[PDB]
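Coordinate-derived values only; no laboratory data. With ideal geometry, Cβ positions are generated from the backbone for all residues, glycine too; neighbour counts draw on all protein chains shown.
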Amino acid sequence: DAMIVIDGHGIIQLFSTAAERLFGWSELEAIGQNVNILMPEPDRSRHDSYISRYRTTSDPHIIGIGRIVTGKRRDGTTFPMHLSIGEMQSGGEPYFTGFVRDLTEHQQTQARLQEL
Ligand code: HEM
């Protein structure tokens with residue numbers, strides 16, 4: 001699905017077309033913004049520390065592990081998504097890449113089956 005690339009400060013560098021469809025923000029709008037704009041509180045207010053923490057401690061909590069989290073669209077609606085984060089480097093600087101898998105349908109089908 002969506003692909004997002006951020007620098008070591010959480011600023012969006014690349015935003016794929018699928019990402020635009022999934023999150024509602026366009027490439028130009030998202031580029032130059034903190035990745036925290038795609039998530040809700042409390043994570044939103046702590047995400048920077050999350051990244052900050054990893055840069056010194058070097059202890060992966062998600063990198064190479066993957067996790068299902070809640071994403072937030074521009075219109076404020078939240079949805080579940082699987083996220084895998086990869087670490088890379090360019091220009092001697094660190095970059096993080098996130099691969100997103102929308103699980104909205106999976107969750108809806110599950111809730112519906114649970115309801116019937
Ligand atoms: C939109 C939803 C997202 C949410 C809610 C989210 C949530 C989190 C959480 C909970 C942590 C801390 C994990 C822990 O303390 O165990 C974390 C760490 C991190 N996130 Fe995200 N994140 C999101 C998107 C992204 C994206 C798109 C990127 C990068 C392209 C990113 C990069 C990072 C990095 C680099 C870390 C630290 C590395 C690590 O702990 O393994 N996150 N995130």
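Miscellaneous remarks
- A Förster distance of 41 Å, applied to the separation of the beta-carbon atoms of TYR50 and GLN114, puts the FRET efficiency at 0.85.
- Distance distribution P(r), the chain, all Cα-Cα pairs, bin width 10 angstrom from 0: 13, 45, 31, 9, 2, 0 percent.
- Here the label points at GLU20 and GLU87, each 7 Å from Cα along the C-beta direction, are separated by 3.2 nm in the simple model.
- Added length on full extension, which subtracts the Cα-Cα distance from 0.36 nm per residue, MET3 to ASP43: 12.5 nm
- With R₀ set to 35 Å, the beta-carbon distance separating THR104 from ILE31 gives a calculated FRET efficiency near 0.90.
- Degrees separating the helix 43-57 axis from the principal Cα axis of the chain, which is the longest one: 40 degrees
- Secondary-structure-derived ellipticity at 222 nm for the chain, considering helices only, amounts to -9500 deg cm²/dmol, per-run term -39500 (n - 2.57) for DSSP H runs with n ≥ 4.
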